[PDB]
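A closer look at the structure
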Amino acid sequence: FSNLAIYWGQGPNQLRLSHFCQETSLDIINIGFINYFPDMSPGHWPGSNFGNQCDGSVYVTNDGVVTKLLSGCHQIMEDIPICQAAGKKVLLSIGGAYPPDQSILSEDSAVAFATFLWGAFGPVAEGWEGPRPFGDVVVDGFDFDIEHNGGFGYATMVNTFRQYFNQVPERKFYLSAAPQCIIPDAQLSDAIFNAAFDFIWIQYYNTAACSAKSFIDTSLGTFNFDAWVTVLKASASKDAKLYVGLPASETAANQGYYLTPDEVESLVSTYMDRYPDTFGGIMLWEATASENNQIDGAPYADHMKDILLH
Ligand SMILES: CNC(=N)NC(=O)NC
Ligand SMILES: CNC(=N)NC(=O)NC
Ligand SMILES: [Cl-]
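Residues numbered from 1 in each chain as written, not as in the entry; some residues may be left out. Chains lettered and ligands numbered in written order. Heavy atoms only, no water.

Under the PDB entry, the name given to the protein is CHITINASE, and the organism recorded is Aspergillus fumigatus. Under its PDB record, the entry appears with the title "Natural product-guided discovery of a fungal chitinase inhibitor".

Points about the overall build of the protein
For clarity, the cut-off: Numbering of helices and strands runs from the N terminus, with a helix taken as a DSSP run of H or I at least four residues long and a strand as a DSSP run of E at least two residues long. With C-alpha atoms as the basis for the radius of gyration, the globule rule is written as 2.2 Å multiplied by the number of residues raised to the power 0.38. Here the term buried applies to any residue with accessible area under 20% of the maximum for its type, exposed to any over 50%, and partly exposed to those in between, with areas from a 1.4 Å probe on protein chains only. We call two residues in contact whenever any of their non-hydrogen atoms come within 4.5 Å of each other.
When helices and strands are counted, the protein shows ten helices and twelve strands. Taken over C-alpha atoms, the radius of gyration comes to 19 Å for the protein, in line with the 19 Å a tight globule of 310 residues would show. Its C-alpha atoms give the protein principal-axis dimensions of about 55 × 40 × 40 Å. Split into buried and exposed, the 310 residues of the protein put 57% on the buried side. The contacts in the protein between residues at least 6 apart in sequence include a share of 68% that link residues at least 24 apart.

Focus on the site of ligand 2
Note the threshold: For this description, a residue counts as near a given molecule or strand if any of its non-hydrogen atoms is within 4 Å of it. Distance and chemistry together define a polar contact, namely a pair of N or O atoms within 3.5 Å, with one atom able to donate a hydrogen and the other to accept it when in protein, and with adjacent residues in sequence counting only for side-chain atoms on both sides. Each accessible area value is a Shrake-Rupley result obtained with a 1.4 Å probe; residue values ignore everything except the protein chains displayed when judging cover. Three classes are used, and their members are as follows: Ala, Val, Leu, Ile, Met, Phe, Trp, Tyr, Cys and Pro are nonpolar, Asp, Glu, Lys and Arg are charged, and the others, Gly among them, are polar.
All residues in the neighbourhood of ligand 2 are listed as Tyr7, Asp145, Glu147, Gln203, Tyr205, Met283 and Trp285. Measuring from a nitrogen atom of ligand 2, one finds a side-chain N or O atom of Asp145 at 2.9 Å. Contact between ligand 2 and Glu147: a nitrogen atom at 2.6 Å from a side-chain N or O atom of the residue. Here ligand 2 has 280 Å² of accessible area as a free molecule, and 84% of this is covered by the chains. Split by residue class, the shell around ligand 2 holds four nonpolar, one polar and two charged.

Some words on the site of ligand 1
Around ligand 1, the structure places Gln10, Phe33, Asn35, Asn49, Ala97, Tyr98 and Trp285. In this structure, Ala97 approaches ligand 1 through a main-chain N or O atom, which is 3.1 Å from a nitrogen atom. Coverage of ligand 1 by the protein amounts to 75% of the 290 Å² it exposes when considered alone. Along the lines of polarity and charge, the residues of the shell around ligand 1 split into four nonpolar, three polar and no charged.

Here we look at the state of the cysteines
Definition in use: The disulfide definition used here is simple: a pair of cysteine sulfur atoms within 2.5 Å.
Scanning the entire structure with this criterion turns up three disulfides. There is a disulfide in this structure between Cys21 and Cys83, and the S-S distance comes to 2.1 Å. Disulfide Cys21-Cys83: torsion about the S-S bond near -95°, hence left-handed. You can see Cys21 sitting in helix 1 (residues 17-21) and its partner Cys83 sitting in helix 2 (residues 74-85), a full 62 residues away along the chain. An identical accessibility class is assigned to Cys21 and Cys83; each is buried. Paired by a disulfide, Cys181 and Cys210 hold their sulfur atoms 2.1 Å apart. Residues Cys181 and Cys210 share a disulfide whose torsion about the S-S bond is about 80°; that sign makes it right-handed. Pair noted here: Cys181 is in the loop between strand 7 (174-177) and helix 5 (189-194) and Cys210 is in the loop between strand 8 (199-203) and helix 6 (213-216), with a separation of 29 residues, a long-range link.

Concerning the pairing of strand 7
The side chains of a regular strand alternate between the sheet's two faces. To keep things clear, this is the line we draw: When DSSP finds two or more bridges between a pair of strands, those strands are recorded as paired. Clockwise travel from the first strand over the helix to the second, with the strands pointing away from the viewer, marks a crossover as right-handed.
Here strand 7 shows two buried faces, one formed by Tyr174 and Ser176 and the other by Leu175 and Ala177. As paired elements, strand 6 (residues 141-146) and strand 7 share four bridges and run parallel to each other. Of the residues in strand 7, the one forming a bridge with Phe142 is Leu175. On the question of chirality, the crossover connecting strand 6 to the parallel strand 7 by way of helix 4 (residues 154-166) is right-handed. A crossover connection joins strand 7 to the parallel strand 8 through helix 5; in handedness this β-α-β unit is right-handed.

Describing unusual backbone geometry
With an omega dihedral of 5°, the bond running from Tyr98 to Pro99 counts as a cis peptide bond. Within the element layout of this structure, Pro99 appears in the loop between strand 5 (89-96) and helix 3 (107-121). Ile183 connects to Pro184 through a cis peptide bond whose omega is 0°. Summarising the element assignment, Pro184 is placed in the loop between strand 7 and helix 5. In this model, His44 sits at a positive phi of 55°, which is unusual for a non-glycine residue. Along the polypeptide, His44 turns up in the loop between strand 2 (28-34) and strand 3 (58-60). Although it is not a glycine, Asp55 adopts a positive phi angle of roughly 110°.

This is the structure in structure tokens:
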């Protein structure tokens, strides 16, 4: 039975997370982004951006270095557990679109980047002494939305997280990836091939050559979900569920990539029938675009769920 994932955190004038915690149709919420990586950011701490959510306070380290990690995200801290008591999985997303100049420079820093995020946003640990930006919150895992600068270091972060997950056997944690169509994917093919993700949502918008709309109009490009299944079945990610990532309204992505619920039904019905043990559902970019695209009294994502359930 098939799932609906959605991104929240980067919506203009977005409602707070708890508004989406109450939308039953949501299965998984990815929260973006940890958009500053340790190698290029103050103090070698990662940094975060959550739109109108946190107050804008950043941590300053014991050394008095002013970081780019937001320290005043009180609404997110309150909201994540609500979502989790509604049975949703909340994943913390790494990367996104802005800024476009972040990457990982060494395997060492790839290990420290995952260890930092696990200390900061994972279970509360006795020996941890860094920030706890969401306090006692424990996210359900991490999403890799790497959109620039190549694929170095991410397989190592994923493998690192998994080693940590295993030290905590009583709870299942999750790893996911958001690549683009154009494959190999410059940022994430290596991670996908060489590490186990639970979920992979291919972004099927913003690239003309293989978009979801090219499914509807086959002269625009060639929709390539078939090739992606073949790649996945030889990867360390062979047990991943593979989702179709879509814009939740006309303006959530560049012109021409939004599909109407009718087009969505055609695509999804073919791919769910063709790949019943691999197809995972729909990912949506993003929560605020979906909230603002009300069709017959319900947001776009409610309609996506209805499509998936039938
Ligand atoms: C799709 N990624 C984003 N929109 N990212 C940001 O707005 N980061 C500040
Ligand atoms: C412009 N970059 C994006 N829209 N990124 C995402 O949608 N990542 C899920
Ligand atoms: Cl609100």
